[PDB]
């Protein structure tokens, strides 16, 4: 019976984001640790479910941490967590996904100062009915009336206002997430979106670029400390993953970065301190195979849609890793003449679009001009 706000949620494989319309503009809401996105990670302890940044950090000590649950959505697969009494609890992807949604909902309410019971949740364009219905159910479990499930590339196009275009547009969306890569071709006409073709690689994402930096640091460690290998040291590995992420981010702004890992372990010889330079050129060399794998899905969607690349009017970049300068160059190489758009934060653009759709569903005509 609610006529209230409809939040927009990007429930990603790797990270999630929540946005809402406020005074005729979409606003991205920060979680309680001040972050505009939240890891799509849930961990389990006795009488306690931990979501987001904290669950990620506690991975070192908690083997009952569930990552990438989106990959199982729409399946009858279960995940297992081990209770302290030695018994096993089976969880559905819906139940785990609901914990993520519940967390987003809870902090959004505290931000907005209002109870929230309505959402738009985004999904990949290739999701079938089972996968869509699983997402709806996760929403229902979290106490959300899921007003609409919309496609992630469609949400991105909504954020850029492409539905308002004066002519029919074909739009390419290049979506490089944390663990998956997706390409979509949309046709937008008379205000409605049609997915013409999709392609991708579900085992290619930003994490893979990070992993090359982890490998690079690990090679250096072995070379400088007589073959020393920390692959089994979970806290060391967590710090290397964190260091790799930071390095990658800095190399999107600068031509070099310093990886700094004081006191990474202690051997019989003494503390191990890593201080290591990585150039953008070397980072690009190490990861060129990953980047080149993004080329083939673009050619595939163009082929499938039966268009010439000149028929693509507009390109959207989605996913934080699209900030890498080498990604921009690749995409430009494949769609000559066109600017890869990332002026809306690619980490946030899908949730923003979902929030816009929420305002539309609510018939909210409040504008910043009023």
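Residue numbers count along the first chain shown, from 1.
Practice task
Identify the stretch, either 43 to 51 or 324 to 332, whose C-alpha atoms have the larger mean B-factor according to the entry.
Solution key: For C-alpha atoms only, the mean B-factor is higher in 43 to 51.
Practice task
May I ask you to compare 154 to 162 and 78 to 86 by their mean CA B factor in the entry and name the higher one?
Solution key: According to the entry, 78 to 86 carries the higher average C-alpha B-factor.
Practice task
Return the residue from 204, 230, 73, 121 that has the highest Cα B-factor in the entry.
Solution key: Highest C-alpha B-factor among the listed options: 230.
Problem - Member of 135, 299, 260, 211 with the greatest C-alpha B factor (per the PDB record) - result: Comparing C-alpha B-factors across 135, 299, 260, 211, the top value belongs to 260.
Handout entry: Chain-relative CA temperature factor third for residue 344
Key = CA B-factor rank for residue 344: lowest third.
Problem - Third of chain Cα B-factors occupied by residue 140 - result: For residue 140, the deposited C-alpha B-factor lands in the middle third.
Exercise for the section: Would you please rank residue 113 by its C-alpha temperature factor against the other modelled residues of its chain and give the third it falls in: lowest, middle or highest? Expected result: Ranked within chain, residue 113 CA B lands in the highest tercile.
Practice task
Select lowest, middle or highest to describe the third in which the CA B-factor of residue 277 falls within its chain in this entry.
Solution key: Highest third.
Exercise for the section: Would you mind checking where the Cα B-factor of residue 220 ranks among the modelled residues of its chain, as the lowest, middle or highest third? Expected result: Top third by C-alpha B-factor.
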